[PDB]
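Have a look at the structure below before the remarks.
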Amino acid sequence: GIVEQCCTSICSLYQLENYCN
Amino acid sequence: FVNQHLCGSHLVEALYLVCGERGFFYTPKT
């Protein structure tokens, strides 16, 4: 996901938030 | 800070800026 949401598109800080803790 | 694509090198820098001191774990590959 995070690998295909930002490189393969535009992901935000809340979308990337699913990887913090 | 800008809505755009963050390929791993950008992600590691957008995921740390967004959640660095908190640490994380992103390594998906589908």
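Labels used: A, B, ... for chains in the order of the structure tokens, numbers from 1 for residues in each chain, and numbers from 1 for ligands as shown.
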
Expected answer as a ChimeraX atom specification: chain A residues within 7 Å of chain B, only C-alpha atoms: /A:1,3,6-13,16,19-21

Sel. of helix (DSSP H, G or I) residues, chain A, as an MDAnalysis selection string: chainID A and resid 2:5 16:19
